[PDB]
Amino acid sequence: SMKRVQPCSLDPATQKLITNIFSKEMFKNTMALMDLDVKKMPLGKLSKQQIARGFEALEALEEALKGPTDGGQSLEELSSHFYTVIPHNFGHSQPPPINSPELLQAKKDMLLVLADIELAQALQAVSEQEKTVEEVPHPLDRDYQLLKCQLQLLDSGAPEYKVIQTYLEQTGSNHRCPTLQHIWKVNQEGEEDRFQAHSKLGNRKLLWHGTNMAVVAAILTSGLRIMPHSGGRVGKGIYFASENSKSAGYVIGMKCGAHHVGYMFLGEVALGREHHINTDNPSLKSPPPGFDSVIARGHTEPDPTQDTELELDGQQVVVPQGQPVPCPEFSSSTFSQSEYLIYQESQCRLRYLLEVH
């Protein structure tokens, strides 16, 4: 009647990772950090229906702002409906009206993180198979297995290790530099086949993508995604940076013991033919008709003369190794650092996960 729990197959670093990215405490923290009222909206009550209602409430708001003053509901009443469907906590004061584009997108981005938290919870549901088997995996093996994604810890003499480390150091912040703890090689399967469909596409680069810890299990499961309400300064696709310090800005870590722990991806991005912009355009949904990517060009760029290459599944993939240098032609760009954009999920492939302190 009592099921055997099998020993854990996972090395220490991977156990800690898998513990971190499925941690209930980490999830709640992320909710409290987004002003969500965890008491009225607990992890196990979190639902796809509810997130869906939240987005519609947001949609109603966007029509309100981006529309004119017809006879519709005020922003106050429409905000209030949103806050009924997605309960927020602001020390038991009335939450603020969502009454600017900035605020609207901030709330979309929140609901996108929460969706990925619900994804993790959904993923952890116990199947009926699992009730019937008389031995179970170690809980960390089960959780790793749920990702359907391969993770291989790199040690310091792996062929790519020094390349990645140099990428990190040279393009990370000079003073407040992220401390490298571990690198995992990442192979989500079936990501492989969408990516094979861009194989005659050249101009591949390994690019940073920072995220909060709460979406890391979602990304390892499903890839980086372009969701319906996602957006930003270069519109509706997947954001990457050649400067670690840029992507580090979007990492949301958690205090663990004496450390603040955070996670960072490197994606192989098939940029093909690049279209360079120098002003924000949040409406972009694809590159211009000849092009495969949009690069919002920064004041600086890792010194291309120091670029190296890495052979990934037989393809040349460029890895910058130089410190940022000025790019005279983009000195008046609205972008201090470059933002690399692709507008279809198939154009990127997860290659590495980094733990940094």
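Under this definition, the rigid core comprises the largest set of C-alpha atoms superposing within 1.5 Å between the forms. Note that residue numbering follows the sequence shown and begins at 1.
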Core fit done; bigger CA RMS in 8 other deposited structures of this protein for 252 to 260 or for 141 to 149? 252 to 260
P302 dropped in a third or more of the other entries: no
Answer yes if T69 is missing coordinates in at least a third of the other compared entries, and no if every one of them models it. yes
For the higher mean C-alpha B factor in the entry, choose 12 to 20 or 337 to 345. 337 to 345
Residue range whose averaged C-alpha B-factor is higher in the record, 230 to 238 or 197 to 205: 197 to 205
Selection by C-alpha B-factor (highest) of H275, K255, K185, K108: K255
Top Cα B factor in the deposited entry, candidates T211, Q170, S156, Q121: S156
Could you look up the Cα B-factor of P97 in the entry and say which third of the chain it sits in: lowest, middle or highest? highest
Quick tally, chain-level thirds of C-alpha B-factors: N29 sits in the lowest
Please place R4 in the lowest, middle or highest third of its chain by C-alpha B factor as given in the entry. middle
According to the PDB entry, is the CA B factor of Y263 in the bottom, middle or top third of its chain, that is, lowest, middle or highest? middle
Assert third(CA B-factor, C177) within chain per record equals highest
